[PDB]
2 protein chains.
Amino acid sequence: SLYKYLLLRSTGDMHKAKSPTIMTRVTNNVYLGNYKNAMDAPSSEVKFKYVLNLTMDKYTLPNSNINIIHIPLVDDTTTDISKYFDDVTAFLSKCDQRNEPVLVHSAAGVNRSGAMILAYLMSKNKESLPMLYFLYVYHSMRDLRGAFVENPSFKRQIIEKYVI
Amino acid sequence: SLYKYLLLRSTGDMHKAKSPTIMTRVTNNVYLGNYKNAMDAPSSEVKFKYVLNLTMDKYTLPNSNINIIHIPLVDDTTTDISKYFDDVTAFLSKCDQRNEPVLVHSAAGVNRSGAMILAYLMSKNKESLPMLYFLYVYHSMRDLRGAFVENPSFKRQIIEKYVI
């Protein structure tokens, strides 16, 4: 079933992109979100230890004890994001090992953040053929979120690192 | 390269569908076309022996010596088309063996005809992993034609027969 699903999605059976609104729990401790979700982090049902801010602006949450890690990226078709895949995925893996909730976010919660979450999931996959796992994670996340790594340059970088 | 191509196409990097206009030579003797292409068959640069008419109407070309084979199908999401895959692909294979040009057509040259051409190409593949070959043929034909088996029920039937 999941296989027929992947092949139909892969041949144009996708919905038009829609903006995510709510935070998504991706793993036990790793969450994916947009800017509003980051602003709402301190009051979230989840007790975040970390927020990974992938936007260009270095904001603060001065009334919170959250540690905000800033990795400034631009959502464009020219930026290398792959230079940070190894260190970001190692950091997210450590958050999961230590049960330290972390919110990975960008402005829209689609491209810079979606790409780091896709990299994390690919990095954690030791079981499945990378090509199949990539299609599965891509489409299942997109169906859940509404839009997920729409930026084709970011998708290309994920494919180069984890599939090719 | 062809691999990176497939994976980007498979994750939403496709163009909006556009109607095919000109006939496409798919193999040495097998061509894919719309209704206008069928009407223009007798005067074509190609000396067709056969036209496979997949539309519901049994037309004639009374001034031509073309043999018109009628397999009436509807382009809808309910029709089994798979019941004819074995006999159609065997017939197309025979046209290629005998160097007898054949035009496979529907009304739009996209769905009923595109699906029989995709089935033919899958049937002729003995070399490549079916999942990869399916994605390659699908996307390469769609890029060439503008639109190619957009009907998701027909795609599902191809996947069931030749991939699963």
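Structure determination for this entry, per the PDB record, employed X-ray crystallography and reached 1.32 Å resolution.

Enquirer: Explain the sheet that holds strand β5 (residues 102-105) of chain B to me, using residue names and the numbers behind them.
Expert: Residues and elements named next belong to chain B. Spatial strand order, β1-β2-β5-β3-β4: five strands in an open sheet with mixed pairing. The strands lining the two open edges of the sheet, one partner per strand, are β1 (24-25) and β4 (67-70). Of the strand pairs in this sheet, β1 and strand β2 (residues 30-33) are connected by two bridges, and their pairing is antiparallel. Directly across from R25, in β2, lies its bridge partner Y31. Across the face of the sheet, helix α3 (residues 85-98) comes into contact with β2, β3 (50-53), β4 and β5 while running at roughly 150 degrees to β5.

Enquirer: Account for helix α5 (residues 130-145) of chain A, with residues named and values stated.
Expert: All names here are of chain A. Between its first and last C-alpha atoms α5 spans 22 Å; for 16 residues at 1.5 Å apiece the expected length is 22 Å, and the two agree. Within α5, burial applies to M131, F134, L135, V137, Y138, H139, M141, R142 and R145. Two residues or fewer past α5, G146 is found with a positive phi of approximately 100 degrees.

Enquirer: Can you lay out the interface of chain A and chain B for me, pointing to particular residues and giving the numbers?
Expert: Counting residues at the interface gives 23 residues for chain A and 23 residues for chain B. It is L7, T11 and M131 of chain A that lose the most area in chain A upon contact with chain B, and together they represent 30% of the buried surface on that side. Our count for the chain A to chain B interface comes out at two salt bridges. Residue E160 of chain B is joined to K4 of chain A by a salt bridge in which the shortest nitrogen-to-oxygen separation is 3.1 Å. Counting across the interface, chain A meets chain B through eight residue pairs in polar contact. Elements supplying a minimum of two residues to the side of chain A that touches chain B: α1 (2-10), α5 and α6 (152-162) of chain A. Residue composition of the side of chain A that touches chain B, grouped by class: 13 nonpolar, four polar and six charged.

Enquirer: So what's going on with the layout of surface pockets? Which residues, and what values?
Expert: If you add up the space inside the largest pocket, you get close to 190 Å³. If you trace the largest pocket, you find it lined by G12, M14, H15, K16, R142 and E150 of chain A together with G12, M14, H15, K16 and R142 of chain B.

Enquirer: Quick rundown of the nonpolar core? Include the residues and the values.
Expert: Among the nonpolar cores identified, the biggest contains 78 residues, and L118 and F134 of chain A together with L118 and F134 of chain B are the most heavily contacted of them. In contact with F134 of chain B, not counting residues within four places along its chain, are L7 and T11 of chain A together with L118, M122, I158, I159 and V163 of chain B.

Enquirer: Outline the packing of helix α4 (residues 112-124) of chain B against helix α6 (residues 152-162) of chain B, listing residues and values.
Expert: All names here are of chain B. Where α4 meets α6, the closest approach of the two axes is 10 Å, and the angle between their N-to-C directions is 15 degrees. Here α6 runs roughly parallel to α4, going by the angle between their axes. Every pair of crossing elements has a handedness; the one defined by α4 and α6 is right-handed. Residues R112, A115, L118, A119, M122 and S123 of α4 form the contact with α6, whose own contacting residues are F154, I158 and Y162. Of the residues assigned to the contact of α4 with α6, the class counts are seven nonpolar, one polar and one charged.

Calculation notes
Residues numbered from 1 in each chain as written, not as in the entry; some residues may be left out. Chains lettered and ligands numbered in written order. Heavy atoms only, no water. Pairing = 2+ DSSP bridges. Helix = DSSP H or I, 4+ residues; strand = E, 2+ residues; numbered from the N terminus. Contact = heavy atoms within 4.5 Å. Axes fitted to C-alpha atoms, helices over the stretch in contact; angles between N-to-C directions. Expected span 1.5 Å × (residues − 1). Buried < 20%, exposed > 50% of the residue type's maximum accessible area, 1.4 Å probe, protein only. Buried area = accessible area lost by both parts, 1.4 Å probe. Salt bridge = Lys/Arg side-chain N within 4 Å of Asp/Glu carboxyl O. Polar contact = N/O pair within 3.5 Å; in protein donor to acceptor, adjacent residues only side chain to side chain. Nonpolar A, V, L, I, M, F, W, Y, C, P; charged D, E, K, R; others polar. 1 Å grid on protein atoms, 1.4 Å probe; cavity = no way out; pocket = protein on both sides within 12 Å on 5 of 7 lines; lining within 4 Å. Points joined across faces, edges and corners; volume = space filled by probe spheres on them. Core = buried A, V, L, I, M, F, W, Y, C linked by side-chain atoms within 4.5 Å. Parallel < 35°, antiparallel > 145°, perpendicular 65-115°, else oblique. Left-handed = near helix turned anticlockwise from the far one by under 90°.

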